[PDB]
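Printed here is my_file-v5.pdb (PDB, C-alpha atoms):
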ATOM      1  CA  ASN A 201     -37.680  34.892 118.242  1.00  0.00           C
ATOM      2  CA  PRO A 202     -34.499  32.791 117.907  1.00  0.00           C
ATOM      3  CA  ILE A 203     -34.163  34.082 114.337  1.00  0.00           C
ATOM      4  CA  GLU A 204     -34.228  37.722 115.464  1.00  0.00           C
ATOM      5  CA  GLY A 205     -31.469  37.166 118.021  1.00  0.00           C
ATOM      6  CA  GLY A 206     -31.672  40.680 119.416  1.00  0.00           C
ATOM      7  CA  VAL A 207     -33.758  43.808 119.801  1.00  0.00           C
ATOM      8  CA  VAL A 208     -33.434  47.490 118.902  1.00  0.00           C
ATOM      9  CA  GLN A 209     -35.161  50.104 121.065  1.00  0.00           C
ATOM     10  CA  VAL A 210     -36.238  53.138 119.029  1.00  0.00           C
ATOM     11  CA  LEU A 211     -37.109  56.270 121.025  1.00  0.00           C
ATOM     12  CA  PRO A 212     -38.833  58.963 118.941  1.00  0.00           C
ATOM     13  CA  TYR A 213     -39.287  62.190 120.895  1.00  0.00           C
ATOM     14  CA  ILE A 214     -40.021  65.889 120.415  1.00  0.00           C
ATOM     15  CA  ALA A 215     -37.186  68.384 120.846  1.00  0.00           C
ATOM     16  CA  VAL A 216     -37.424  72.134 121.423  1.00  0.00           C
ATOM     17  CA  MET A 217     -35.046  74.209 119.306  1.00  0.00           C
ATOM     18  CA  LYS A 218     -34.176  77.839 118.619  1.00  0.00           C
ATOM     19  CA  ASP A 219     -33.942  79.384 115.151  1.00  0.00           C
ATOM     20  CA  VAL A 220     -30.189  79.961 114.816  1.00  0.00           C
ATOM     21  CA  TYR A 221     -27.913  80.297 111.801  1.00  0.00           C
ATOM     22  CA  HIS A 222     -24.797  78.233 111.166  1.00  0.00           C
ATOM     23  CA  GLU A 223     -21.478  79.921 111.950  1.00  0.00           C
ATOM     24  CA  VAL A 224     -18.691  80.377 109.405  1.00  0.00           C
ATOM     25  CA  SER A 225     -16.274  78.535 111.731  1.00  0.00           C
ATOM     26  CA  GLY A 226     -18.873  76.545 113.645  1.00  0.00           C
ATOM     27  CA  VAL A 227     -17.422  73.240 114.853  1.00  0.00           C
ATOM     28  CA  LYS A 228     -20.930  72.430 116.211  1.00  0.00           C
ATOM     29  CA  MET A 229     -24.132  74.448 116.414  1.00  0.00           C
ATOM     30  CA  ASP A 230     -25.235  76.141 119.629  1.00  0.00           C
ATOM     31  CA  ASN A 231     -28.932  75.461 119.118  1.00  0.00           C
ATOM     32  CA  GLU A 232     -30.248  74.565 122.562  1.00  0.00           C
ATOM     33  CA  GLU A 233     -31.790  71.340 121.277  1.00  0.00           C
ATOM     34  CA  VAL A 234     -33.495  69.936 124.374  1.00  0.00           C
ATOM     35  CA  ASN A 235     -36.046  67.164 124.805  1.00  0.00           C
ATOM     36  CA  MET A 236     -39.387  68.904 125.298  1.00  0.00           C
ATOM     37  CA  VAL A 237     -40.123  66.697 128.325  1.00  0.00           C
ATOM     38  CA  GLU A 238     -37.643  68.856 130.247  1.00  0.00           C
ATOM     39  CA  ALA A 239     -40.021  71.798 129.766  1.00  0.00           C
ATOM     40  CA  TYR A 240     -42.162  70.348 132.555  1.00  0.00           C
ATOM     41  CA  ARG A 241     -39.334  70.695 135.082  1.00  0.00           C
ATOM     42  CA  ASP A 242     -37.600  73.718 133.560  1.00  0.00           C
ATOM     43  CA  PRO A 243     -39.865  76.520 132.293  1.00  0.00           C
ATOM     44  CA  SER A 244     -37.032  78.598 130.780  1.00  0.00           C
ATOM     45  CA  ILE A 245     -36.910  76.334 127.714  1.00  0.00           C
ATOM     46  CA  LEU A 246     -40.101  77.788 126.217  1.00  0.00           C
ATOM     47  CA  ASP A 247     -39.800  81.455 127.234  1.00  0.00           C
ATOM     48  CA  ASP A 248     -40.548  83.551 124.151  1.00  0.00           C
ATOM     49  CA  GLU A 249     -40.860  87.345 123.954  1.00  0.00           C
TER      50      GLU A 249
ATOM     51  CA  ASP B 450     -53.778 124.979 195.237  1.00  0.00           C
ATOM     52  CA  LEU B 451     -55.707 121.686 195.242  1.00  0.00           C
ATOM     53  CA  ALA B 452     -58.977 122.510 193.483  1.00  0.00           C
ATOM     54  CA  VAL B 453     -61.278 121.495 190.649  1.00  0.00           C
ATOM     55  CA  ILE B 454     -60.534 123.790 187.709  1.00  0.00           C
ATOM     56  CA  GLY B 455     -62.624 122.510 184.789  1.00  0.00           C
ATOM     57  CA  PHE B 456     -64.789 119.758 183.364  1.00  0.00           C
ATOM     58  CA  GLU B 457     -66.094 118.208 180.166  1.00  0.00           C
ATOM     59  CA  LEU B 458     -69.601 116.872 179.616  1.00  0.00           C
ATOM     60  CA  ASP B 459     -70.862 114.004 177.461  1.00  0.00           C
ATOM     61  CA  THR B 460     -73.785 116.026 176.130  1.00  0.00           C
ATOM     62  CA  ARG B 461     -75.297 115.967 172.651  1.00  0.00           C
ATOM     63  CA  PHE B 462     -78.152 117.330 170.573  1.00  0.00           C
ATOM     64  CA  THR B 463     -81.444 115.524 170.042  1.00  0.00           C
ATOM     65  CA  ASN B 464     -82.128 115.634 166.301  1.00  0.00           C
ATOM     66  CA  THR B 465     -85.795 116.467 166.221  1.00  0.00           C
ATOM     67  CA  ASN B 466     -84.595 119.043 163.698  1.00  0.00           C
ATOM     68  CA  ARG B 467     -82.145 117.456 161.277  1.00  0.00           C
ATOM     69  CA  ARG B 468     -79.258 119.777 162.139  1.00  0.00           C
ATOM     70  CA  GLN B 469     -76.762 116.975 161.424  1.00  0.00           C
ATOM     71  CA  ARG B 470     -77.285 114.230 158.846  1.00  0.00           C
ATOM     72  CA  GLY B 471     -74.109 112.324 159.715  1.00  0.00           C
ATOM     73  CA  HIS B 472     -72.345 109.993 157.308  1.00  0.00           C
ATOM     74  CA  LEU B 473     -73.782 109.450 153.835  1.00  0.00           C
ATOM     75  CA  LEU B 474     -74.308 106.222 151.887  1.00  0.00           C
ATOM     76  CA  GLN B 475     -74.260 106.042 148.096  1.00  0.00           C
ATOM     77  CA  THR B 476     -73.791 103.284 145.544  1.00  0.00           C
ATOM     78  CA  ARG B 477     -70.574 102.940 143.562  1.00  0.00           C
ATOM     79  CA  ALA B 478     -69.255 100.582 140.904  1.00  0.00           C
ATOM     80  CA  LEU B 479     -65.776  99.820 139.594  1.00  0.00           C
ATOM     81  CA  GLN B 480     -64.817  98.237 136.281  1.00  0.00           C
ATOM     82  CA  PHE B 481     -61.800  96.016 135.656  1.00  0.00           C
ATOM     83  CA  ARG B 482     -60.652  95.488 132.069  1.00  0.00           C
ATOM     84  CA  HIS B 483     -58.914  92.172 131.281  1.00  0.00           C
ATOM     85  CA  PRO B 484     -58.126  92.010 127.553  1.00  0.00           C
ATOM     86  CA  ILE B 485     -56.574  88.727 126.445  1.00  0.00           C
ATOM     87  CA  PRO B 486     -53.179  89.053 124.696  1.00  0.00           C
ATOM     88  CA  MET B 487     -51.917  86.895 121.845  1.00  0.00           C
ATOM     89  CA  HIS B 488     -48.711  85.049 122.678  1.00  0.00           C
ATOM     90  CA  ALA B 489     -45.636  84.190 120.634  1.00  0.00           C
ATOM     91  CA  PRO B 490     -45.963  81.122 118.381  1.00  0.00           C
ATOM     92  CA  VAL B 491     -44.120  77.828 118.356  1.00  0.00           C
ATOM     93  CA  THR B 492     -43.273  76.614 114.855  1.00  0.00           C
ATOM     94  CA  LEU B 493     -42.652  73.132 113.452  1.00  0.00           C
ATOM     95  CA  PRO B 494     -41.002  73.569 110.043  1.00  0.00           C
ATOM     96  CA  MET B 495     -40.993  70.710 107.565  1.00  0.00           C
ATOM     97  CA  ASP B 496     -40.070  70.105 103.943  1.00  0.00           C
ATOM     98  CA  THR B 497     -42.736  71.350 101.554  1.00  0.00           C
ATOM     99  CA  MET B 498     -42.144  68.361  99.263  1.00  0.00           C
TER     100      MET B 498
END

As structure tokens, how would this structure be written, given the file I've shared?
Amino acid sequence: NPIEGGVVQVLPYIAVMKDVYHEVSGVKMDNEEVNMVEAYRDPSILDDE
Amino acid sequence: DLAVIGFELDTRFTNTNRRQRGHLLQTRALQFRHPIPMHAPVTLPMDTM
């Protein structure tokens, strides 16, 4: 619509994460936050023992 | 010294009397156990509020 004058594309998705605690220094976390869709190509994302 | 020295014959017994019963046949059975393990979970935490 001429009044809208633009569009925003919103991509919700499901991410696989590990349960990891924040570091005392910790400039960024090291949680392997990966889009679950990659678990089809790479099986190591979901390995759990 | 060219001479015939010995021989072997392809003779055998006729089993009118069961002197030899030969190989034996019996039934057997084997069992394979396949118990189903429970695997590690995947958790989706959320706010209880």

Any chance you could resolve the ChimeraX specification (/A :<12) & /B against this file and give the residues as a ChimeraX atom specification?
/B:487-494

Mind pulling up the distance from atom CA of residue 214 of chain A to atom CA of residue 228 of chain A?
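So the answer is 20.6 Å.
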
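Atom CA of residue 242 of chain A sits 25.2 Å away from atom CA of residue 485 of chain B.
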
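Note that the spacing between atom CA of residue 236 of chain A and atom CA of residue 212 of chain A amounts to 11.8 Å.
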
Draw an axis-aligned box over all listed atoms of segment 225-231 of chain A, pad each side with 4 Å, and write its centre and edge lengths in Å, one decimal, as AutoDock Vina command-line options.
--center_x -22.6 --center_y 75.5 --center_z 115.7 --size_x 20.7 --size_y 14.1 --size_z 15.9
